[PDB]
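Form deposited in one PDB entry, single chain, as structure tokens, below.
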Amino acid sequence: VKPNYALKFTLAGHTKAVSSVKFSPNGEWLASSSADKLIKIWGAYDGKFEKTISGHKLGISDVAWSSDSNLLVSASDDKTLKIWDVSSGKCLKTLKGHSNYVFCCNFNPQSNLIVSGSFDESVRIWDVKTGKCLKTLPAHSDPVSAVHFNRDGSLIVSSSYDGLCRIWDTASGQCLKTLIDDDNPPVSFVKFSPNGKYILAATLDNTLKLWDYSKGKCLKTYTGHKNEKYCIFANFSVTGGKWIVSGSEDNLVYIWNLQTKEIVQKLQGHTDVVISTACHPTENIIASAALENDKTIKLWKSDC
């Protein structure tokens, strides 16, 4: 048993490296961000271009959807985040406060809050309605590589190149747990598991790990790919078989069996580092995006 992801569409149009791709929660759309300072919206099932969203004055590292699929937030080298109305393309709010590049962002499940992480080593929590910063967390001592809310929104997980993963209480801003590795490889990505009990963490020693953050115990390790430089997204695939999905610096998409940790598929098609992957919420569809020598997004579909 293995998935059989096959290339269905190639999505071209960005003029520089693509930095992130995300499927909307309602399954209809894909959003992409790029070093060309643009956001593009595409049909999730047919890859059809829908619109370009513009406004940032430097490149964009990350984009994220609100839970009702109506808003996007983007994180830019221009030190701001921007909240967007997707249907109109209008910038609703510009979130100012970080003192250097903003690298990562996410809405909470109710989507009344935004979390961000920056080169300035802080994590900020923002009010969507007013656009104002509610909390500044002194989260790390190196740039923040990822931020993510758990399934109910009571917790935030952050990661950094200082080598730490930290769990934060959303309401109070307190640090509830710090995950430490004696070899201390830079942590380049983290996110909560679908059931909220685990975190998946990428380190720049070509390794992904599944952690029980409450116990500080590593349950699973996934290797075989290449990741020593970039902050590459990783995913849990919940629509068919239980797979882990990640990009790689050898230009492939890697898919692992969650439980056995074996590689089950490698997706060949991109011509530069696959920096970002995303999994469709209801169908067995993967989106992948690559860096400057490629500049495209690819949609892959599987029977399981």
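Just count from 1 along the sequence shown to find any residue number.
Keep in mind that the form deposited with a partner chain bound is missing from the display, and what follows is about it.
Student: Have a look at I53, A64, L267, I275 for me and say which one sits with a heavy atom within 4.5 Å of its partner chain in the entry with it bound.
Tutor: After the contact test, the surviving option is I275.
Student: Within 4.5 Å of its partner chain in the entry with it bound, heavy atoms considered, which of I263, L252, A35, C279?
Tutor: It is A35 that has a heavy atom within 4.5 Å of the partner.
Student: Looking at its partner chain in the entry with it bound, do all three of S19, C104 and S145 come within 4.5 Å of it through at least one heavy atom?
Tutor: Every residue of the candidate spot has a heavy atom within 4.5 Å of its partner chain in the entry with it bound.
Student: With the cut-off set at 4.5 Å between non-hydrogen atoms, does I125 touch its partner chain in the entry with it bound?
Tutor: Flag for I125 set to no.
Student: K229 near its partner chain in the entry with it bound, any heavy atom under 4.5 Å?
Tutor: Taking the distances in the entry with it bound, the answer for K229 is yes, it comes within 4.5 Å of its partner chain.
Student: Please run the contact check for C133 against its partner chain in the entry with it bound: heavy atoms, 4.5 angstroms, yes or no?
Tutor: Output for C133 is no: heavy atoms all beyond 4.5 Å of its partner chain.
Student: Would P186 show up as a contact with its partner chain in the entry with it bound if we use heavy atoms at 4.5 Å?
Tutor: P186 belongs to the contact set for its partner chain.
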